[PDB]
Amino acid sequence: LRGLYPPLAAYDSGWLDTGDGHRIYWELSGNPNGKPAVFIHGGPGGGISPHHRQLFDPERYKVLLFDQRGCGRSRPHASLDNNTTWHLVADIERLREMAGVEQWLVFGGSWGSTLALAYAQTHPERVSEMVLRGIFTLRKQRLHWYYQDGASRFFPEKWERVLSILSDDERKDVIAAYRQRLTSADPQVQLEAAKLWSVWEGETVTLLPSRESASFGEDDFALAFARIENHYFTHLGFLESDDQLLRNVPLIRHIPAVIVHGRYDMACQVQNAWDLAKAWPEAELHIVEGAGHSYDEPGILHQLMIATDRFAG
C-alpha cells in the first residue's frame, strides 16, 4: 500500500492578522512553483501537524496548511469569539489572496470535508478539485449518532466515562451539558470536561485501539479541541438548514472530486458519504473495507495518496 512521502520542513510560515481579533498560523510546503493546494484540518479545533505536509508530492504540489481560529498556533488559543464556519471560509480566502493563488485543490477530511464543502459552495471558481475523506455534513442525525446515542452502543464502556460527570437530566442532551461545563468561569471545570470529550473521540477514530489516543488528553489540545468542537455543534455548524451542504451540491458538481470513507468509521457514518455521492454522481466514491475514521488507516491513506498523485500526474 502507498504511504506518506518522507518528512520535509515547510519553506515559509507566518501569522495572518484577521483584523477582528485573531492571528492565524499558516505555512507553505513543497514546491513554490508547484500546483496549489490547501489542507483543511478536522475537529473543528484539531490543528495541523508536520505529517500533513507529507500527503502531497513535494515536487508537484505547493501546499498551504493553516491552523483554524483558536487552535494549534493560531491566537488567541481556545477562543470562541468570532469563531464560526463563515469566518473560517473568509479566512481561507485571505490566505488564498496572500499566497497569490487564483485557484487550488481543496483537501479535507472529517470536519475538514465539512468546511471544504462550505468553502467550495461559497467560492466555486476558486476550487480546481477536491479530495474528501470521512464525510461530515453536520446534519442533526450525524451529531446525534456521535454524541447522544449511536457510536455509544459500539463503545458502551467508553461512553459510560463520558456520562460519569453528568446528572440524569443532563444525559438527555450531552452536547448541551458539556457546553455548560466547557464555558464555565471555572477553568478546572472546563478542563475536566474537555479531557473526557476529547478522549472519547481519540479512542473511537481508529479501527483498532492505539496508544496515540492518549495525546487527546493533553490539557492545551483538549481544551481548545473540546471547546471549539462543542461550540460548532451547539450552533449546528452555523448552517441555515439541516441539509444545507447536501442541498447546495449542484453548485460544485462540475468540480472533480474523490471521496474516501472507511466502512467502520464510527465518527462519521458511511451513510454521509453515500448521501453525498448520491447527489454528486460525477464524484468518485471509495468505501474502504476494514477501516475506521482516521486518515492514516492503511486502506484510507492508500486511497488518499493515489488521489493526490492522480490530480498531479
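Residues carry their position along the shown sequence, with the first being 1.
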| query | finding |
| --- | --- |
| 208 to 216 versus 74 to 82 - greater average Cα B-factor per the deposited record | 208 to 216 |
| 26 to 34 versus 42 to 50 - greater average Cα B-factor per the deposited record | 26 to 34 |
| Highest recorded Cα temperature factor - choice among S198, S113, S128, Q148 | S128 |
| Top residue by Cα temperature factor, when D67, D275, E59, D265 are compared in the entry | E59 |
| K172 - Cα temperature factor, lowest/middle/highest third of chain | highest |
| Chain-wide C-alpha B factor ranking for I300, given as lowest, middle or highest third | lowest |
| Third assignment of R181 from its chain's C-alpha B-factors | middle |
| For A222, the third of its chain into which the C-alpha B factor falls | lowest |
| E93, C-alpha B-factor rank within chain (lowest, middle or highest third) | highest |
